[PDB]
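Asker: experimental coordinates follow, after the sequence.
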Amino acid sequence: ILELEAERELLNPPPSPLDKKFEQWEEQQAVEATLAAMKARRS
Amino acid sequence: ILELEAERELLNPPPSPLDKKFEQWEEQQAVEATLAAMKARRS
Amino acid sequence: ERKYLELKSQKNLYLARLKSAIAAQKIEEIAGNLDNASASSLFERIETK
Amino acid sequence: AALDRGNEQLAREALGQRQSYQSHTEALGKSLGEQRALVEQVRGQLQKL
Amino acid sequence: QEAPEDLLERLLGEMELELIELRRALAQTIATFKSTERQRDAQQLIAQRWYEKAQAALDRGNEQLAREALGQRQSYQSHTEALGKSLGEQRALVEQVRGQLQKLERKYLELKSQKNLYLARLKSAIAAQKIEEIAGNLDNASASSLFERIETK
Amino acid sequence: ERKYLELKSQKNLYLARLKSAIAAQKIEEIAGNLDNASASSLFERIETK
Ligand SMILES: Nc1ncnc2c1ncn2[C@@H]1O[C@H](COP(=O)(O)OP(=O)(O)O)[C@@H](O)[C@H]1O
Ligand SMILES: Nc1ncnc2c1ncn2[C@@H]1O[C@H](COP(=O)(O)OP(=O)(O)O)[C@@H](O)[C@H]1O
Ligand SMILES: Nc1ncnc2c1ncn2[C@@H]1O[C@H](COP(=O)(O)OP(=O)(O)O)[C@@H](O)[C@H]1O
């Protein structure tokens, strides 16, 4: 099982942890900015 | 193992340490100059 | 007899995992990634054509 | 916007990261430069022939 | 020796075939690296059981019994330490291997992307030589140009 | 028996390293470096042709 899974990951380099950090790091502002405007837009 | 690795390096002279020094020595200004302009271009 | 069942109850589970991964390998190699630009992805081979 | 929150440290990695990509762009730009003027000479031979 | 152009096509075909074999082999290395690590966790779990058992072993005041458990788990701890060191060297070894494979693949393309370009130039010039010798220049007046040979006829 | 496994668990690792380096040597000699200008690189041999 592990033999096959190893081939796929190498042939398709998964995202680097730094890229993962940025992706989630971006979403917090998006939800907070929308939530920040949620209170403002409603009031 | 070491026998083969020895042949490759000799037949393809790897960069000299002085060349390595210049390469990294150059990048610091490039990132700093871009970062120096990053603050300036934004503000 | 008690020991016999504990094996069979797991054999089906392993086969399912094996079928899942083997298929996944088959799918991925046919990914046809556009970025290859080497004919390894059949799509880019078409684009060259 | 990496340091827009004041997160200067994070922006350091990005600018350092993109330099590696820039190296490939410069290498390819030079490679095409010689090819561009090479084929144009070939076309002249075919047309004259 | 053969024509230099013919070798180029054959040589790369061998090169591409070899690379995937390297890719396949490296995967098997990862399997053992992961397999032993999973195996390592099992042993310490067993030692934890004895330690957990030894926690209440003397809870009844039975200090003597707990002596055997703590002495027993030391043997297991030895294997854990031995394996931890073994993985440490393997972990940093394969990572170096992956770099060679990735660099080789990047270097591989830069050759193929140019091979087709060279062949086109070779076919262009070789044909040009073939055309020119059949130029049949009228000025030769020596039968070298087949046209003037006809004129003599 | 305990000593037996410790050997087999490493044999596969050594073979992988051996296959990696042997292939690397095969690739490099076919590098076809443009700078040779001596026909050692098959590309420059073509250029002379
Ligand atoms: N971030 C990326 N993710 C996946 N593939 C990429 C990425 N960047 C570049 N590539 C492509 O991966 C390919 C690997 O080269 P090649 O050996 O021809 O394909 P294969 O891996 O199928 O053999 C390159 O041609 C390149 O265009
Ligand atoms: N300006 C010119 N350009 C090309 N050919 C010429 C010119 N002036 C004369 N010639 C011809 O070139 C020929 C060369 O001689 P010959 O050796 O018989 O032909 P080849 O070069 O095919 O062997 C002469 O016979 C002559 O008639
Ligand atoms: N910085 C360099 N890196 C690699 N090769 C170089 C460099 N500078 C020059 N060369 C080339 O290396 C070649 C070595 O000569 P030669 O013995 O013909 O090739 P080989 O090493 O394949 O036998 C020279 O012909 C030269 O053109």
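Answerer: Okay, I see it. Numbering: from 1, shown residues only, chains lettered A, B, ... in the order given. Ligands and ions are numbered 1, 2, ... in the order given.
Asker: contacts (any at all) between chain E and stretch C:36-46?
Answerer: Yes. Judged by CB under 8 Å from any CB of the partner chain, stretch C:36-46 comes into contact with chain E through residue C:38. All C-beta atoms are positioned from the backbone trio N, CA, C, and that covers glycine.
Asker: just give me how far that stretch sits from the chain centre.
Answerer: 20 Å (CA atoms, centre = their mean, to the nearest Å).
Asker: what sits up against it?
Answerer: Contacts to stretch C:36-46, defined as CB atoms under 8 Å, 6 or more residues apart in numbering or on different chains, come from residues C:30, C:31, C:32, C:33, C:34, C:35, C:48, E:109, E:112.
Asker: near chain B, which residues of chain C show up?
Answerer: Residues of chain C lying near chain B by CB under 8 Å from any CB: none.
Asker: if you tally nearby residues, what's the number for residue C:32?
Answerer: Applying other CB atoms under 10 Å in any protein chain shown, we find 13 residues neighbouring residue C:32.
Asker: three-state assignment of it?
Answerer: Reduced to three states with DSSP: H, G, I helix; E, B strand; the rest coil, the structure at residue C:32 is coil.
Asker: dump the residue contacts of it.
Answerer: Under the criterion of CB under 8 Å, 6+ apart, the contact partners of residue C:32 comprise C:41, C:42, C:43, C:44.
Asker: so, in contact with chain D or not, the helix or strand harbouring residue A:36?
Answerer: Of the helices and strands defined by DSSP states H and E, residue A:36 is found in helix A:17-42. Yes. Contact of helix A:17-42 with chain D is found when judged by CB under 8 Å from any CB, involving A:18, A:25, A:29.
Asker: can you pull the buried residues of that helix?
Answerer: With burial defined by 16 or more other CB atoms under 10 Å in any protein chain shown, the residues of helix A:17-42 counted as buried are residue A:22.
Asker: which elements pack onto that helix?
Answerer: Secondary-structure packing of helix A:17-42 (3 or more CB pairs under 8 Å, 6 or more residues apart in numbering or on different chains; DSSP states H and E): helix D:8-48.
Asker: the helix it packs on vs ligand 1: in contact?
Answerer: No. Counting by CB under 6 Å from any ligand atom, ligand 1 has no neighbours in helix D:8-48; the shortest distance is 9.7 Å.
Asker: quick one: that helix to chain centroid distance?
Answerer: 4 Å.
Asker: and if you look at stretch A:16-33?
Answerer: Taking CA atoms, centre = their mean, one finds stretch A:16-33 lying 5 Å from the centre of the chain it belongs to.
Asker: also stretch A:31-43?
Answerer: In terms of CA atoms, centre = their mean, the centre of stretch A:31-43 is set 22 Å apart from its chain centre.
Asker: repeat for stretch A:1-12
Answerer: Distance, centroid of stretch A:1-12 to centroid of chain: 23 Å (CA atoms, centre = their mean).
Asker: in it, what counts as buried?
Answerer: Applying a neighbour-count criterion of 16+ other CB under 10 Å, the buried positions in stretch A:1-12 are A:4, A:5, A:6, A:7, A:8, A:10, A:11.
Asker: so which of these are in strands?
Answerer: Of the positions in the buried residues of stretch A:1-12, not one sits in strands, assigned by DSSP state E.
Asker: tabulate those (JSON lines), appending distance to chain C.
Answerer: Below are those laid out as JSON lines (distance: CB to the nearest CB, whole Å):
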{"residue": "A:4", "distance to chain C": "5"}
{"residue": "A:5", "distance to chain C": "6"}
{"residue": "A:6", "distance to chain C": "10"}
{"residue": "A:7", "distance to chain C": "6"}
{"residue": "A:8", "distance to chain C": "5"}
{"residue": "A:10", "distance to chain C": "11"}
{"residue": "A:11", "distance to chain C": "7"}
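Asker: of all of chain C, which residue lies closest to chain B?
Answerer: residue C:38 (23.4 Å; CB to the nearest CB).
Asker: look up phi and psi at the residue of chain C at minimum distance from chain D.
Answerer: Proximity to chain D, evaluated over chain C using CB to the nearest CB, is greatest for residue C:37 at 11.4 Å. For residue C:37, the backbone dihedrals are phi 60, psi 40 (criterion: degrees, to the nearest 10).
Asker: ok, now residue C:35?
Answerer: When read as degrees, to the nearest 10, the backbone of residue C:35 gives phi -70, psi -10.
Asker: picking up where we left off before, between the residues of helix A:17-42 next to chain D, which sits nearest chain D?
Answerer: residue A:18 (6.3 Å).
Asker: now the closest one, nearest residue through space, not along the chain?
Answerer: residue D:13 (6.3 Å; CB to CB, 6 or more residues apart in numbering or on different chains).
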